[PDB]
Amino acid sequence: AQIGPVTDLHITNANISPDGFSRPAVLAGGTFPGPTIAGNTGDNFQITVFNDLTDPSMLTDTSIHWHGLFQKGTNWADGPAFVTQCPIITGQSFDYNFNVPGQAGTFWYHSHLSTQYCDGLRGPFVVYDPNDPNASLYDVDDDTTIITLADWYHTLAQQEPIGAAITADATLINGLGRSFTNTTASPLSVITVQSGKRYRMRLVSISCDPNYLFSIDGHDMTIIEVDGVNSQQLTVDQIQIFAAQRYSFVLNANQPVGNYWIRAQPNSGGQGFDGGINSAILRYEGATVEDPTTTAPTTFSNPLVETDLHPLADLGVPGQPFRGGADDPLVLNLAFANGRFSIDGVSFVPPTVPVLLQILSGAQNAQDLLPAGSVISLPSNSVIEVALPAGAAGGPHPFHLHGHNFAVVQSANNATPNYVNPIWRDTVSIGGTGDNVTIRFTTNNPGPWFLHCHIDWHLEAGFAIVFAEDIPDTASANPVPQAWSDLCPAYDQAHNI
Ligand SMILES: *[C@@H]1O[C@H](CO)[C@@H](O[C@@H]2O[C@H](CO)[C@@H](O)[C@H](O)[C@H]2NC(C)=O)[C@H](O)[C@H]1NC(C)=O
Ligand SMILES: *[C@@H]1O[C@H](CO)[C@@H](O[C@@H]2O[C@H](CO)[C@@H](O)[C@H](O)[C@H]2NC(C)=O)[C@H](O)[C@H]1NC(C)=O
Ligand SMILES: [Cu+2]
Ligand SMILES: [Cu+2]
Ligand SMILES: [Cu+2]
Ligand SMILES: [Cu+2]
Ligand SMILES: [F-]
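Residues numbered from 1 in each chain as written, not as in the entry; some residues may be left out. Chains lettered and ligands numbered in written order. Heavy atoms only, no water.

As documented in the archive entry, the model was determined using X-ray crystallography at 1.20 Å resolution.

Dropping the structure here:
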């Protein structure tokens, strides 16, 4: 049931009841999560998105981001509304036509207009590698080995009251789970394995907000990929996964034939597993069809710690081995007050003219780009360092950069940087008060790339900036199709702008 690399994707409204409570949703492919889009490394994806939305309570416009894909030469296809495009209006379609050179791993797609992905438009995106260096570590890698973790809300995203705390109502594992309050015995997801086989489980957080503590009773997990980056094998018994992150792990079906709880404990919302909340079932072939009776430990023996991850390939770290040892070293001031986030004293409010369009129209420095103060120029062919010191309320904040992955030179909860062999990824927790999480990358992809907290509620409240990488080369590097050029006039007409 995987679709792609060339496919239609219809976006519609429908009622769904993934925890036994019915509500309307915004869906790709008629389901929550959406269908898996898949192809092989280097493929041309042609995803024609049909906007068939009619319920204004969840917005009738849309735009879809392909999270983690670099979009080199195709910045217009990246998806963030008002950064790279105007939204697609209802009754229209748009062909996201791009290539995935040099990438293979586990990705996802989601609406990138307002908080609309929280209403349901989220799904997995897998780029297989026919020559995968990790192939011999497992026997099975297919749609049945994808595990999605999602938060689900009973209140519609646009209808979350101003100044009330937002928490989810259920954790969904592969689209099913039980509500934290008024819990009913709605069906749980089942992941089926065969005794003796080894599985590449692809763990995808499609969360709008919480991080999860993910574990499988009786089993351990050997991490082999992080946000699209192959890793050295790291065996763990629990993974803390933040919004938008992905891990692949090998699961060895080496326990007695039976039923085992799969656990995903969010950092907010319901605590524990009473009534089967926060749970799914790992069932071996031949086991009785019944709920697991297993328990978690009190304390996990080998939780994932991010500094223990290292790339499988010799990726190194660009620049020099000390703070500020980059061509463009930046330190962002990340703050929250009075309901709004800010970066360097500016709260992000999406502009009327998308940033890419402003560049292609001739705005050639970042001081000329709107929103004022929210667009930072980066020079071409340069090592960039970005320090993201934590402290702003609502953390721990998972920061994400479009167009790039990056070396995580300093991670949460550990003051020691690693300039030798840190993992590279695309979404990183910036940790807690006093931390100084820091990332490095090189600028070889001209275009405006969003940088933001991936808790969608924080993005909406302004926790974002745009890196306008290599403004002078953006137009030549990113030729745009006529259909893209048509988006802004159509949106502005339909909205009387
Ligand atoms: C996080 O690391 C950055 C450097 O990557 C630190 O930035 C320095 O900050 C001081 C003032 O605090 C300046 O005098 C320096 O110019 C900055 N750059 C350097 C030394 O390279 C920042 O202070 C650190 N923040 C925390 C909270 O530890
Ligand atoms: C804190 O982070 C540092 C840097 O990533 C970790 O230090 C590395 O530890 C490994 C494993 O012992 C050594 O091979 C490396 O040489 C260390 N690198 C440096 C620069 O010190 C450290 O292990 C982390 N702390 C904890 C408690 O995990
Ligand atoms: Cu994303
Ligand atoms: Cu992204
Ligand atoms: Cu945040
Ligand atoms: Cu984004
Ligand atoms: F991305």
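Structure's up, so let's keep going.
J.: Just to check I follow, could you spell out the coordination of the copper ion (ligand 4) for this structure?
T.: Under ideal tetrahedral coordination, the four donors around a metal are separated by 109.5 degrees; under ideal octahedral coordination, the six donors are separated by 90 or 180 degrees. Bound to the copper ion (ligand 4) on the protein side are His65 (NE2) and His400 (NE2), at distances that span 1.8 to 1.9 Å. Here the copper ion (ligand 4) and the copper ion (ligand 3) are spaced 4.0 Å apart. Placement of the pair is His65 in strand β5 (residues 64-67) and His400 in strand β25 (residues 398-401), with a sequence separation of 335 residues. Take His65: its relative accessible area is 1%, and that puts it in the buried class. (Donors = N, O, S within 2.8 Å, 3.2 Å for Na, K, Ca; no water. Helix = DSSP H or I, 4+ residues; strand = E, 2+ residues; numbered from the N terminus. Buried < 20%, exposed > 50% of the residue type's maximum accessible area, 1.4 Å probe, protein only.)

J.: Where do I start with the UniProt feature "binding site: Cu(2+) 4" (unreviewed entry) in the protein chain in this structure?
T.: The UniProt feature table records "binding site: Cu(2+) 4" (unreviewed entry) at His397, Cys453 and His458. Their sequence span is 62 residues, while the largest C-alpha to C-alpha distance among them is just 8.8 Å; these annotated residues converge on one region. Among the structural elements, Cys453 can be located in strand β30 (residues 447-453). Residue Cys453 is classed as buried on the basis of its relative accessible area of 0%. Sequence-distant contacts of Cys453, that is, excluding residues within four places in its chain, are made with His397, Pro398, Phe399, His458, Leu459 and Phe463. Within the element layout of this structure, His458 appears in helix α2 (residues 456-460). Residues within four places of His458 in sequence aside, it is in contact with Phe341, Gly394, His397, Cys453 and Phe463. Polar contacts involving the side chain of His458 include one to the side chain of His397, which spans 3.2 Å. (UniProt positions renumbered as here; feature names shortened; annotations may be inferred. Contact = heavy atoms within 4.5 Å. Polar contact = N/O pair within 3.5 Å; in protein donor to acceptor, adjacent residues only side chain to side chain.)

J.: Sorry if this is basic, but what is going on with the domain arrangement of the protein chain here?
T.: As assigned here, the protein chain comprises domain 1 (1-133), domain 2 (134-313) and domain 3 (314-497). Centre-to-centre, using C-alpha coordinates, domain 2 lies 29 Å away from domain 3. Counting the surface lost from both domain 2 and domain 3, the interface buries some 2000 Å², and carbon and sulfur atoms represent 57% of this. Between domain 2 and domain 3 we count 3 salt bridges in total. For the side of domain 2 that touches domain 3, the elements supplying multiple residues, two or more each, are β15 (229-236) and β17 (246-252). Per-class residue counts for the side of domain 2 that touches domain 3 are 14 nonpolar, 6 polar and 5 charged. (Domains from an automatic or database assignment. Buried area = accessible area lost by both parts, 1.4 Å probe. Salt bridge = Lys/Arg side-chain N within 4 Å of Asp/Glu carboxyl O. Nonpolar A, V, L, I, M, F, W, Y, C, P; charged D, E, K, R; others polar.)

J.: Quick question: what am I supposed to make of the site of ligand 1 here?
T.: In the neighbourhood of ligand 1, the contacting residues comprise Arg323, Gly324, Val331, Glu385, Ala387, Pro389 and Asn436. Between ligand 1 and the protein, one listed contact pairs an oxygen atom with a side-chain N or O atom of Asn436 at 2.3 Å. When ligand 1 sits alone it has 570 Å² of accessible area, and the protein chains cover 38% of it. At 3 residues, strand β24 (residues 383-389) tops the list of elements feeding residues into the shell around ligand 1. (Near = heavy atom within 4 Å. Areas by Shrake-Rupley, 256 points an atom, 1.4 Å probe, with all protein chains shown as cover.)

J.: What exactly am I supposed to notice about the sheet that holds strand β18 (residues 259-266) here?
T.: Adjacent strands of a sheet form backbone hydrogen bonds with each other and so pair up, either parallel or antiparallel. The strand order across the open sheet formed by 5 strands is β11-β19-β18-β13-β16, and the pairing between neighbours is mixed. Edge positions in the sheet fall to β11 (190-193) and β16 (239-241), since each of these pairs with one other strand and no more. Going from strand to strand, the sheet's axes swing by 25 degrees on average, the running direction of each strand aside. Looking at chain direction, strand β13 (residues 212-216) and β18 are connected through 5 bridges and run antiparallel. Looking at the pairing, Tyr212 lines up with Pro266 of β18. (Pairing = 2+ DSSP bridges. Axes fitted to C-alpha atoms, helices over the stretch in contact; angles between N-to-C directions.)

J.: Explanation requested: the site of ligand 2 in the structure shown.
T.: Residues in contact with ligand 2, as listed here, are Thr307, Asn414, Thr416, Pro417 and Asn418. Between ligand 2 and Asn414 there is a distance of 2.3 Å, counted from an oxygen atom to a side-chain nitrogen or oxygen. Considered on its own, ligand 2 offers 580 Å² of accessible surface; in the complex 34% of this is hidden by protein. Residue composition of the shell around ligand 2, grouped by class: 1 nonpolar, 4 polar and no charged.

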